[PDB]
Amino acid sequence: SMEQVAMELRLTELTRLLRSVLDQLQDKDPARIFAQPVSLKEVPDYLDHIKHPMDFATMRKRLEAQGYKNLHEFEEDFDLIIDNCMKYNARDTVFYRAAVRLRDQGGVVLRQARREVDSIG
Ligand code: NA
C-alpha cells in the first residue's frame, strides 16, 4: 500500500537521524572503551554480573537493520552501555570514569535529538 511505503520512508528517515546521533555519541568515547562487546573470553564471569550487555557495535547492527522504532528504544540501549559499566566497574577506574563522561557529554546530543524527532514527526 501507499501507507506502508510512507511508514517505511519515516522509519528510514528516523534511521538516518539515529545514525548521526550514534556517530556523535561514539565520538564522546575516543578511547573506544564502549566500541565492542565485553569479551567473554577475557571476562568469563561477565554474564553472571550483567544481564543485558550492550555496546556501540551491537547498536550499529540493530540500527542498520532499522531495528529502532523510536528514539526511546535507542536511548534504552545507550543507557545500558553506561549503566552496565557503572555497575561492573568500581568508581575509581578508567572504565567507570569513561562512562560518566560519555553520559554527561551524550546528554546534550540526546536533548536535541529528542527535539528533532518531535519536530520532524
Ligand atoms: Na559496582
# chains A, B, ... in the order shown; residues from 1 in each chain; ligands from 1
call {"tool": "residues_near_ligand", "arguments": {"ligand": "ligand 1", "cutoff": "6 Å", "atoms": "only C-alpha atoms and all ligand atoms", "output": "compact mmCIF listing (two decimals) with N, CA, C and O atoms, in the first residue's frame"}}
result
# COMPACT_ATOMS: atom_id res chain seq x y z
N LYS A 87 28.02 -0.42 36.97
CA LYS A 87 27.79 -1.48 37.94
C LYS A 87 29.04 -2.41 38.04
O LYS A 87 29.50 -2.67 39.16
N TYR A 88 29.52 -2.88 36.90
CA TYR A 88 30.63 -3.85 36.85
C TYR A 88 31.93 -3.29 37.33
O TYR A 88 32.66 -3.92 38.08
N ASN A 89 32.18 -2.03 36.99
CA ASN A 89 33.44 -1.40 37.35
C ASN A 89 33.29 -0.49 38.54
O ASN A 89 32.26 0.20 38.72
N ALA A 90 34.32 -0.38 39.36
CA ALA A 90 34.29 0.46 40.52
C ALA A 90 34.48 1.92 40.15
O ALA A 90 35.01 2.26 39.11
call {"tool": "closest_atom_pairs", "arguments": {"of": "region 51-104 of chain A", "to": "region 4-19 of chain A", "cutoff": "9 Å", "atoms": "only C-alpha atoms", "output": "tab-separated table"}}
result
residue	atom	partner	partner_atom	distance
A:60	CA	A:19	CA	7.9
A:63	CA	A:15	CA	6.5
A:64	CA	A:15	CA	7.5
A:66	CA	A:15	CA	6.2
A:67	CA	A:15	CA	8.6
A:68	CA	A:15	CA	7.4
A:69	CA	A:11	CA	7.0
A:70	CA	A:14	CA	7.5
A:71	CA	A:18	CA	7.6
A:74	CA	A:18	CA	7.8
call {"tool": "residues_around", "arguments": {"residues": "region 92-102 of chain A", "least_positions_apart": "3", "cutoff": "8 Å", "atoms": "only C-alpha atoms", "output": "PyMOL selection string"}}
result
chain A and resi 25+28-29+33+81-82+85-86+89+105-106
call {"tool": "atom_distance", "arguments": {"atom1": "CA of residue 26 (chain A)", "atom2": "CA of residue 50 (chain A)"}}
result
21.4 Å
call {"tool": "select_by_dssp", "arguments": {"residues": "chain A", "states": "alpha helix (DSSP H)", "output": "PyMOL selection string"}}
result
chain A and resi 2-27+46-49+56-64+71-88+94-120
call {"tool": "residues_around", "arguments": {"residues": "residue 40 (chain A)", "least_positions_apart": "6", "cutoff": "12 Å", "atoms": "only C-alpha atoms", "output": "number ranges by chain"}}
result
A: 46-50, 53
call {"tool": "write_last_selection", "arguments": {"atoms": "N, CA and C atoms", "output": "PDB file, in the first residue's frame"}}
result
ATOM      1  N   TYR A  46      31.294 -12.390  33.051  1.00  0.00           N
ATOM      2  CA  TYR A  46      30.538 -11.122  32.847  1.00  0.00           C
ATOM      3  C   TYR A  46      29.020 -11.288  32.912  1.00  0.00           C
ATOM      4  N   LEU A  47      28.517 -12.361  32.344  1.00  0.00           N
ATOM      5  CA  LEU A  47      27.082 -12.516  32.233  1.00  0.00           C
ATOM      6  C   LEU A  47      26.462 -12.923  33.563  1.00  0.00           C
ATOM      7  N   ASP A  48      27.274 -13.309  34.540  1.00  0.00           N
ATOM      8  CA  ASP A  48      26.765 -13.506  35.911  1.00  0.00           C
ATOM      9  C   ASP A  48      26.452 -12.155  36.539  1.00  0.00           C
ATOM     10  N   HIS A  49      27.135 -11.088  36.049  1.00  0.00           N
ATOM     11  CA  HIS A  49      27.004  -9.718  36.601  1.00  0.00           C
ATOM     12  C   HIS A  49      25.988  -8.912  35.819  1.00  0.00           C
ATOM     13  N   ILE A  50      26.093  -8.936  34.507  1.00  0.00           N
ATOM     14  CA  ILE A  50      25.363  -8.047  33.619  1.00  0.00           C
ATOM     15  C   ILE A  50      24.451  -8.894  32.720  1.00  0.00           C
ATOM     16  N   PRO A  53      23.995  -7.131  28.198  1.00  0.00           N
ATOM     17  CA  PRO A  53      25.180  -6.429  27.676  1.00  0.00           C
ATOM     18  C   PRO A  53      24.846  -5.561  26.492  1.00  0.00           C
TER      19      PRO A  53
END
call {"tool": "atom_distance", "arguments": {"atom1": "CA of residue 35 (chain A)", "atom2": "CA of residue 114 (chain A)"}}
result
23.4 Å
